[PDB]
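As a convention, Cβ positions derive from the backbone with ideal geometry for all residues, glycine included, and neighbour counts pool all protein chains shown. The values are calculated or read from the model by the stated rules, or taken from the named source; none is laboratory data.
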Amino acid sequence: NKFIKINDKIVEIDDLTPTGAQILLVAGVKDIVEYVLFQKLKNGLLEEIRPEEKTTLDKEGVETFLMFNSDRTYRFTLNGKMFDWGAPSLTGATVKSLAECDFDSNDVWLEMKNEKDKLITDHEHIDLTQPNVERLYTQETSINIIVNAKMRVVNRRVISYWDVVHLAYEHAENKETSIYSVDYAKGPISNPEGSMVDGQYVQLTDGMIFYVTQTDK
Amino acid sequence: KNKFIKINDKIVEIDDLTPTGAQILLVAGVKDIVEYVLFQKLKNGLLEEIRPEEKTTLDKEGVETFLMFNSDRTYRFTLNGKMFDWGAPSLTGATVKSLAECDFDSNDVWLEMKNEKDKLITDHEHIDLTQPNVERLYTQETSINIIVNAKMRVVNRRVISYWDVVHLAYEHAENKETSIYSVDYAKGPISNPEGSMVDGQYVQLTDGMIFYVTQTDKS
Ligand SMILES: [Ca+2]
Ligand SMILES: [Ca+2]
């Protein structure tokens, strides 16, 4: 009753010392040569498993693999550690998962030699086809914003309308007889100035300014 | 002690028999360890990547062989059924022969093509590994049908000499004082479609190439 996980699918296997080729076959791949297989080790590193190479699986537990349909791999580093990757890009969210950091309270950053390090938001893609080895790191989010003239430190990069309102009025979401407006400026390039209504979100940056009003409905 | 290794055909001295990949890159002169991909070329012919933290056991004698690519990516190909990683977007026919450990002169390099006939890769042509799938390469004995003095000959080399051609027509032929063997050819490949050969020259062959060999007076 043995399973492994491949790209987050559970996959049943009946060999505890399968080769890479045997794993690609169980995974439903037609042409195994066209795939690159990695085992995701307990320390968080990815080890490539060539078709002729064996891995050893415990009788209990679920080893984890990544399988890419790719004729090449790209390298990057993540908090100093070297990774190979079977796709030309990956998202900030996938980098967080590889880093094993607190997902919501960190950002992903790409080292840049000639400009400031680049913030990679969760859904943005890091282009590994750029010519050097991309150097990525996670860092705890701590963002200083002004809400109704008061300094607020926020540990999340993207927050909601009601999140903003609550930075100005502690007990405001339940106030069915109140209408709250939200304006902002000095935001980042993805939202520099504007207004927010319920259902919207905003990406924060240091020094961003918010003005929140409460009126009777 | 007096230990040497070979990195991309440069012989370099090392003072450690179990270096890490980083230490190998550092004696090779690299400033930025992360930007290179390091392979050891094993005795079984395979390229084994060495990560910066991994050690390699070297013998006190002999010169182990490493390839060191300045590359942020690796391409895969197969060669006679074995998997290769490669730190550059192309490699030549000649480099494939070297990796294959085949006899250079009696083999051709072929690229598998799923629909067309397989492609012949000459010694100086580049195989583009940036094409979308895993390139499948193999070496095979050369076999070319030529005509020498109206007899079909199968030759197992792509390049042959004046005396090879003469001796395909007449085994006894040799250098004389009174006569010489003339060689004229036609229906050759692009490098040499038609002409004459004298001692010292070579020609590239192709199927159907025709040679005419005659013993003439030295006039
Ligand atoms: Ca890159
Ligand atoms: Ca390719």
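Go through (1) surrounded by fewer than 18 Cβ atoms within 10 Å (Cβ to Cβ); (2) over 17 Å from the mean Cα position of the chain (by Cα); (3) outside the structural domain of B:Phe84 (by TED's automatic domain parsing) and name the single condition B:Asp118 misses.
Single failed check for B:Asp118: (3).
So which strands (runs of 3 or more DSSP E) stay within region A:129-217 end to end and still have 2 or more residues that are touching a residue at least 12 places away in the same chain (Cβ under 8 Å), of a type in the set (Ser, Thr, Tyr) and under 18 Å from A:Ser105 (Cβ atoms)?
Where strands (runs of 3 or more DSSP E) fall fully within region A:129-217 and carry at least 2 residues being touching a residue at least 12 places away in the same chain (Cβ under 8 Å), of a type in the set (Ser, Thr, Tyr) and under 18 Å from A:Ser105 (Cβ atoms), they are A:134-140.
Just to verify a result, which residue in region B:108-145, among those that are touching a strand residue (DSSP E or B) at 6+ places or on another chain (Cβ under 9 Å) and of a type in the set (S, T, N, Q), is farthest from ligand 1 (Cβ to nearest atom)?
B:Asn145
If I filter region A:173-203 down to residues being more than 18 Å from A:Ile143 (Cβ to Cβ) and β-branched (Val, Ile, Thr), which single residue comes out as surrounded by the most Cβ atoms within 10 Å (Cβ to Cβ)?
Here the residue is A:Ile179.
Going by the conditions given, is B:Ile127 within 14 Å of chain A (Cβ to nearest Cβ), within 16 Å of ligand 2 (Cβ to nearest atom) and of a type in the set (A, V, I, L, M, F, W, C)?
yes
Test A:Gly86 against the criterion of being within 16 Å of ligand 2 (Cβ to nearest atom) and buried (at least 17 other Cβ atoms within 10 Å of the Cβ), and give yes or no.
Yes, satisfied.
Being over 22 Å from A:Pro88 (Cα atoms) and of a type in the set (A, V, I, L, M, F, W, C) is the filter; apply it to region B:121-141 and report the residue that is farthest from the chain's Cα centre (by Cα).
Restricting to residues being over 22 Å from A:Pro88 (Cα atoms) and of a type in the set (A, V, I, L, M, F, W, C), the top hit is B:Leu137.
Does A:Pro51 satisfy being at the interface with another protein chain (Cβ under 10 Å from one of its Cβ atoms) and more than 17 Å from the chain's Cα centre (by Cα)?
Yes; evaluated as a whole, the condition is true for this residue.
Could you check region A:23-37 and list, in sequence order, the residues that are surrounded by 17 or more Cβ atoms within 10 Å (Cβ to Cβ) and more than 14 Å from B:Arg76 (Cβ to Cβ)?
Matches in region A:23-37: A:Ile23, A:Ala27, A:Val29.
Working only within region A:130-140, note down all residues that are more than 14 Å from chain B (Cβ to nearest Cβ) and either buried (at least 17 other Cβ atoms within 10 Å of the Cβ) or among the small types (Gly, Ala, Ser) (or both).
Scanning region A:130-140 gives a single hit, A:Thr138.
Of (1) more than 13 Å from ligand 1 (Cβ to nearest atom); (2) in contact with a helix residue (DSSP H, G or I) (Cβ under 8 Å, 6 or more places away or on another chain), A:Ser105 satisfies all except one. Which?
Only one criterion in (1) more than 13 Å from ligand 1 (Cβ to nearest atom); (2) in contact with a helix residue (DSSP H, G or I) (Cβ under 8 Å, 6 or more places away or on another chain) is unmet by A:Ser105, namely (2).
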